[PDB]
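File shown: final-v8.tsv. Contents: TSV, C-alpha atoms.
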chain	number	residue	atom	x	y	z
A	1	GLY	CA	-50.81	-11.72	78.67
A	2	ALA	CA	-51.54	-10.80	75.00
A	3	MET	CA	-54.20	-12.68	72.92
A	4	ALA	CA	-52.75	-15.67	71.00
A	5	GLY	CA	-54.67	-16.76	67.89
A	6	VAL	CA	-54.24	-18.37	64.47
A	7	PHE	CA	-55.23	-16.73	61.18
A	8	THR	CA	-55.66	-19.46	58.52
A	9	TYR	CA	-55.51	-18.79	54.81
A	10	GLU	CA	-55.91	-21.49	52.15
A	11	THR	CA	-55.00	-21.35	48.42
A	12	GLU	CA	-55.13	-23.91	45.59
A	13	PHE	CA	-53.75	-24.26	42.02
A	14	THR	CA	-53.51	-27.08	39.44
A	15	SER	CA	-50.65	-28.89	37.69
A	16	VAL	CA	-50.41	-31.32	34.74
A	17	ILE	CA	-47.71	-33.22	36.70
A	18	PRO	CA	-49.23	-35.87	39.05
A	19	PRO	CA	-48.36	-35.83	42.82
A	20	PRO	CA	-45.51	-38.52	43.02
A	21	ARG	CA	-43.13	-36.77	40.53
A	22	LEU	CA	-44.17	-33.26	41.63
A	23	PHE	CA	-43.69	-34.01	45.39
A	24	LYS	CA	-40.29	-35.75	44.72
A	25	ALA	CA	-38.99	-32.78	42.61
A	26	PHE	CA	-40.77	-29.62	43.84
A	27	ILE	CA	-40.99	-30.56	47.51
A	28	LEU	CA	-38.40	-33.21	48.52
A	29	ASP	CA	-35.58	-31.86	46.21
A	30	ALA	CA	-36.26	-28.08	46.47
A	31	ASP	CA	-32.71	-27.48	47.93
A	32	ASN	CA	-31.10	-28.88	44.74
A	33	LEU	CA	-33.72	-28.23	42.01
A	34	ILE	CA	-34.64	-24.56	42.60
A	35	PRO	CA	-31.01	-23.12	42.91
A	36	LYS	CA	-30.21	-25.07	39.64
A	37	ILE	CA	-33.16	-23.78	37.54
A	38	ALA	CA	-33.96	-20.42	39.28
A	39	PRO	CA	-30.72	-18.90	40.76
A	40	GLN	CA	-32.31	-15.39	40.78
A	41	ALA	CA	-34.95	-16.94	43.11
A	42	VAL	CA	-32.91	-19.25	45.40
A	43	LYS	CA	-29.14	-18.78	45.78
A	44	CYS	CA	-28.84	-21.84	48.13
A	45	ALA	CA	-30.48	-23.91	50.91
A	46	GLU	CA	-28.34	-25.09	53.84
A	47	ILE	CA	-29.34	-27.44	56.66
A	48	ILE	CA	-28.50	-25.72	60.03
A	49	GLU	CA	-29.50	-28.85	62.08
A	50	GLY	CA	-31.04	-32.30	61.40
A	51	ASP	CA	-30.71	-34.44	58.28
A	52	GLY	CA	-33.87	-33.73	56.28
A	53	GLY	CA	-36.73	-35.15	58.34
A	54	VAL	CA	-39.02	-33.69	61.05
A	55	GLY	CA	-37.27	-31.15	63.34
A	56	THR	CA	-34.70	-30.15	60.61
A	57	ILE	CA	-33.87	-26.46	60.54
A	58	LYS	CA	-32.81	-24.98	57.20
A	59	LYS	CA	-31.83	-21.53	55.87
A	60	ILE	CA	-32.93	-20.60	52.33
A	61	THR	CA	-30.92	-17.70	50.92
A	62	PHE	CA	-32.59	-15.94	48.03
A	63	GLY	CA	-31.04	-14.78	44.77
A	64	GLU	CA	-30.97	-11.22	43.25
A	65	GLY	CA	-34.79	-11.40	42.77
A	66	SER	CA	-35.38	-11.18	46.57
A	67	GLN	CA	-32.32	-8.87	47.35
A	68	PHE	CA	-30.33	-11.88	48.72
A	69	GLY	CA	-32.63	-12.14	51.75
A	70	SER	CA	-33.34	-15.33	53.68
A	71	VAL	CA	-35.88	-17.48	55.52
A	72	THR	CA	-35.40	-20.07	58.27
A	73	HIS	CA	-37.68	-23.09	58.24
A	74	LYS	CA	-38.38	-25.83	60.72
A	75	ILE	CA	-39.68	-29.15	59.23
A	76	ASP	CA	-42.90	-29.95	61.15
A	77	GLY	CA	-43.82	-33.07	59.16
A	78	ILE	CA	-43.42	-35.04	55.89
A	79	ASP	CA	-45.91	-37.68	54.57
A	80	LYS	CA	-44.39	-39.16	51.44
A	81	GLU	CA	-47.40	-41.50	50.89
A	82	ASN	CA	-50.09	-38.75	51.12
A	83	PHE	CA	-47.87	-35.96	49.53
A	84	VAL	CA	-48.10	-33.66	52.59
A	85	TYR	CA	-45.26	-31.37	53.77
A	86	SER	CA	-45.54	-29.14	56.82
A	87	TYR	CA	-42.93	-26.50	57.93
A	88	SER	CA	-42.84	-23.33	60.06
A	89	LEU	CA	-41.24	-19.91	59.36
A	90	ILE	CA	-38.97	-19.36	62.38
A	91	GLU	CA	-36.90	-16.41	60.86
A	92	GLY	CA	-38.10	-14.21	57.98
A	93	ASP	CA	-39.42	-10.78	56.85
A	94	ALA	CA	-43.08	-12.05	57.21
A	95	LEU	CA	-42.49	-12.34	61.02
A	96	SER	CA	-42.99	-9.37	63.44
A	97	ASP	CA	-44.07	-8.51	67.07
A	98	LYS	CA	-47.62	-9.27	65.78
A	99	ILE	CA	-46.78	-12.50	63.90
A	100	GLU	CA	-44.45	-14.73	65.85
A	101	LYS	CA	-44.69	-17.82	63.57
A	102	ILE	CA	-46.24	-18.91	60.29
A	103	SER	CA	-46.97	-22.67	59.99
A	104	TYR	CA	-47.37	-23.92	56.43
A	105	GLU	CA	-48.85	-27.01	54.84
A	106	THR	CA	-48.48	-28.05	51.18
A	107	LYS	CA	-50.69	-30.99	50.04
A	108	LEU	CA	-50.56	-32.54	46.58
A	109	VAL	CA	-54.00	-33.97	45.74
A	110	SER	CA	-54.36	-36.05	42.59
A	111	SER	CA	-57.10	-35.59	40.01
A	112	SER	CA	-58.64	-38.23	37.65
A	113	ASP	CA	-57.26	-36.27	34.58
A	114	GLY	CA	-53.72	-37.40	35.58
A	115	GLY	CA	-52.63	-34.12	37.31
A	116	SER	CA	-52.33	-32.38	40.73
A	117	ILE	CA	-54.12	-29.80	42.94
A	118	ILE	CA	-51.44	-27.96	45.06
A	119	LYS	CA	-53.25	-26.98	48.33
A	120	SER	CA	-51.35	-24.44	50.46
A	121	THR	CA	-52.37	-23.54	54.04
A	122	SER	CA	-50.81	-20.51	55.83
A	123	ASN	CA	-51.34	-20.46	59.62
A	124	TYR	CA	-50.32	-17.11	61.18
A	125	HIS	CA	-49.66	-17.31	64.96
A	126	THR	CA	-50.86	-13.88	66.08
A	127	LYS	CA	-50.12	-11.87	69.30
A	128	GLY	CA	-52.37	-8.98	70.38
A	129	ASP	CA	-54.61	-7.11	67.90
A	130	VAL	CA	-54.86	-8.87	64.53
A	131	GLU	CA	-54.11	-6.67	61.48
A	132	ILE	CA	-53.50	-8.97	58.49
A	133	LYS	CA	-53.49	-7.18	55.14
A	134	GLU	CA	-54.82	-9.01	52.05
A	135	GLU	CA	-52.09	-7.27	49.89
A	136	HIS	CA	-49.29	-8.53	52.26
A	137	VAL	CA	-50.78	-12.15	52.23
A	138	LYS	CA	-51.47	-12.29	48.40
A	139	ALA	CA	-47.85	-11.05	47.73
A	140	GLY	CA	-46.73	-14.43	49.19
A	141	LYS	CA	-49.40	-16.36	47.14
A	142	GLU	CA	-48.33	-14.45	43.95
A	143	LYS	CA	-44.63	-15.10	44.93
A	144	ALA	CA	-44.89	-18.99	45.13
A	145	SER	CA	-47.01	-19.04	41.88
A	146	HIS	CA	-44.40	-17.36	39.46
A	147	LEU	CA	-41.71	-19.79	40.69
A	148	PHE	CA	-43.82	-23.04	40.42
A	149	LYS	CA	-44.20	-22.31	36.68
A	150	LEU	CA	-40.35	-22.51	36.31
A	151	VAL	CA	-40.38	-25.87	38.15
A	152	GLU	CA	-43.34	-27.19	36.06
A	153	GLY	CA	-41.64	-25.98	32.81
A	154	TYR	CA	-38.39	-27.78	33.71
A	155	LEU	CA	-40.10	-31.10	34.64
A	156	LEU	CA	-41.98	-31.01	31.30
A	157	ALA	CA	-38.67	-30.34	29.42
A	158	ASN	CA	-36.83	-33.11	31.41
A	159	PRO	CA	-39.21	-36.13	31.65
A	160	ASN	CA	-36.50	-38.68	32.71
A	161	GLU	CA	-35.93	-36.84	36.02
A	162	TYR	CA	-37.73	-37.69	39.31
A	163	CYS	CA	-39.22	-41.06	38.13

Take the structure from the file and write it as structure tokens.
Amino acid sequence: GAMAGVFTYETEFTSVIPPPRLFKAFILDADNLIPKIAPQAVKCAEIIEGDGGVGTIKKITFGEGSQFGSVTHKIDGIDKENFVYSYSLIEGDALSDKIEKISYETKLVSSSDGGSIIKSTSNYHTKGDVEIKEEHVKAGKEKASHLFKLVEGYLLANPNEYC
């Protein structure tokens, strides 16, 4: 059979919002928060199976900004105490004959200046010859970035929320 491998890519960015509020809002309430503040980004998020914990399958339908496309995610793990959230891409444009799955990890690490470091790990499950383009990968890193700034901007404007 064809060669199975994992291509791992790691990216980091900072936030003025510390991990508890940021993980509660940006991670745990993404289904409610993002459609509400960025409808052009996320139209809706519907749970296909499960209740919200590990093993939950959910479809995220994009707004006009992503031509009303969609992704299907499986929740691999949630650590509310360590601000870690793992999920896999089980249906999406990023998948192909070459890339059968993409496992993701988002970790919120605190800093002594009262903020967060948002560490994102992308694990591509490859089949056969590996041909991962830097432009294709960075388009997903760029993607997540422009949206987080809408989230950050809203949390700063609404301090009473997610306390």

Spatial neighbours of segment 24-37 of chain A, 10 Å, all atoms listed in the file, chain gap at least 5 places, as a ChimeraX atom specification | /A:19,42-47,52,58-63,78,80,83-85,106,108,147-148,150-155,161-163

Nearest to residue 127 of chain A, chosen from A:38, A:48, A:144, A:99, with only C-alpha atoms counted in the distances | A:99

If we count all atoms listed in the file, what is near residue 103 of chain A at a cut-off of 10 Å, once residues fewer than 6 positions away on the same chain are taken out, given as a PyMOL selection string?
-> chain A and resi 6+8+73-76+86-90+121-125

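Computed from the coordinates, the atom CA of residue 142 of chain A to atom CA of residue 69 of chain A distance equals 17.7 Å.
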
Which distance in Å separates atom CA of residue 53 of chain A and atom CA of residue 141 of chain A, to one decimal?
-> 25.3 Å

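Coordinates place atom CA of residue 100 of chain A at a distance of 20.9 Å from atom CA of residue 49 of chain A.
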
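Here the question is which of A:71, A:57, A:157, A:118 gets nearest to residue 94 of chain A using all atoms listed in the file, and that residue is A:71.
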
Residue neighbourhood residue 18 of chain A, 9 Å, all atoms listed in the file, exclusion window fewer than 5 positions, as a ChimeraX atom specification | /A:23,108-111,114-117

Close residues, residue 130 of chain A itself excluded, 9 Å, only C-alpha atoms, min 6 positions apart in chain, as an NGL selection string | :A and (5 or 7 or 98-99)

Keeping C-alpha atoms for every residue in the selection just given, could you write it to a file as a PDB file, keeping the file's coordinate frame?
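Printed below is out04.pdb as written:
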ATOM      1  CA  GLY A   5     -54.670 -16.760  67.890  1.00  0.00           C
ATOM      2  CA  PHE A   7     -55.230 -16.730  61.180  1.00  0.00           C
ATOM      3  CA  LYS A  98     -47.620  -9.270  65.780  1.00  0.00           C
ATOM      4  CA  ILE A  99     -46.780 -12.500  63.900  1.00  0.00           C
TER       5      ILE A  99
END

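Using only C-alpha atoms, the shortest contact distance between residue 97 of chain A and any of A:81, A:64, A:113, A:131 is found at A:131.
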
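Distances to residue 22 of chain A were evaluated for A:2, A:136, A:72, A:107 using all atoms listed in the file, and the minimum falls at A:107.
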
Incomplete segment 55-70 of chain A brought to N, CA, C and O atoms, written out as a tab-separated table (two decimals), keeping the file's coordinate frame:
chain	number	residue	atom	x	y	z
A	55	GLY	N	-38.14	-31.86	62.41
A	55	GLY	CA	-37.27	-31.15	63.34
A	55	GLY	C	-36.07	-30.46	62.70
A	55	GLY	O	-35.42	-29.67	63.38
A	56	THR	N	-35.77	-30.77	61.41
A	56	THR	CA	-34.70	-30.15	60.61
A	56	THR	C	-34.92	-28.66	60.47
A	56	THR	O	-36.03	-28.22	60.20
A	57	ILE	N	-33.86	-27.90	60.69
A	57	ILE	CA	-33.87	-26.46	60.54
A	57	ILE	C	-33.03	-26.15	59.31
A	57	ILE	O	-31.97	-26.74	59.14
A	58	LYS	N	-33.55	-25.32	58.41
A	58	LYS	CA	-32.81	-24.98	57.20
A	58	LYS	C	-32.95	-23.51	56.82
A	58	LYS	O	-34.01	-22.92	57.01
A	59	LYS	N	-31.84	-22.91	56.34
A	59	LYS	CA	-31.83	-21.53	55.87
A	59	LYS	C	-31.85	-21.54	54.36
A	59	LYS	O	-31.06	-22.26	53.74
A	60	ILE	N	-32.79	-20.78	53.77
A	60	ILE	CA	-32.93	-20.60	52.33
A	60	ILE	C	-32.52	-19.17	52.05
A	60	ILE	O	-33.12	-18.24	52.58
A	61	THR	N	-31.44	-19.01	51.29
A	61	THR	CA	-30.92	-17.70	50.92
A	61	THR	C	-31.39	-17.46	49.51
A	61	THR	O	-31.18	-18.30	48.64
A	62	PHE	N	-32.04	-16.32	49.31
A	62	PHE	CA	-32.59	-15.94	48.03
A	62	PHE	C	-31.53	-15.38	47.08
A	62	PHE	O	-30.43	-14.99	47.49
A	63	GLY	N	-31.88	-15.36	45.80
A	63	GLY	CA	-31.04	-14.78	44.77
A	63	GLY	C	-31.28	-13.28	44.69
A	63	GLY	O	-31.82	-12.68	45.62
A	64	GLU	N	-30.87	-12.67	43.55
A	64	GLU	CA	-30.97	-11.22	43.25
A	64	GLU	C	-32.43	-10.73	43.19
A	64	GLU	O	-32.70	-9.57	43.53
A	65	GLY	N	-33.35	-11.64	42.84
A	65	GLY	CA	-34.79	-11.40	42.77
A	65	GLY	C	-35.48	-11.07	44.09
A	65	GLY	O	-36.53	-10.44	44.09
A	66	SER	N	-34.88	-11.48	45.23
A	66	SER	CA	-35.38	-11.18	46.57
A	66	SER	C	-34.29	-10.50	47.44
A	66	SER	O	-34.22	-10.73	48.65
A	67	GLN	N	-33.42	-9.69	46.78
A	67	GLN	CA	-32.32	-8.87	47.35
A	67	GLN	C	-31.39	-9.64	48.29
A	67	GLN	O	-30.89	-9.07	49.26
A	68	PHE	N	-31.17	-10.94	47.99
A	68	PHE	CA	-30.33	-11.88	48.72
A	68	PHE	C	-30.74	-12.06	50.18
A	68	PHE	O	-29.91	-12.37	51.03
A	69	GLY	N	-32.04	-11.93	50.44
A	69	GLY	CA	-32.63	-12.14	51.75
A	69	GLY	C	-32.69	-13.61	52.09
A	69	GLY	O	-32.19	-14.46	51.35
A	70	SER	N	-33.28	-13.93	53.23
A	70	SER	CA	-33.34	-15.33	53.68
A	70	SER	C	-34.53	-15.64	54.58
A	70	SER	O	-35.11	-14.76	55.24
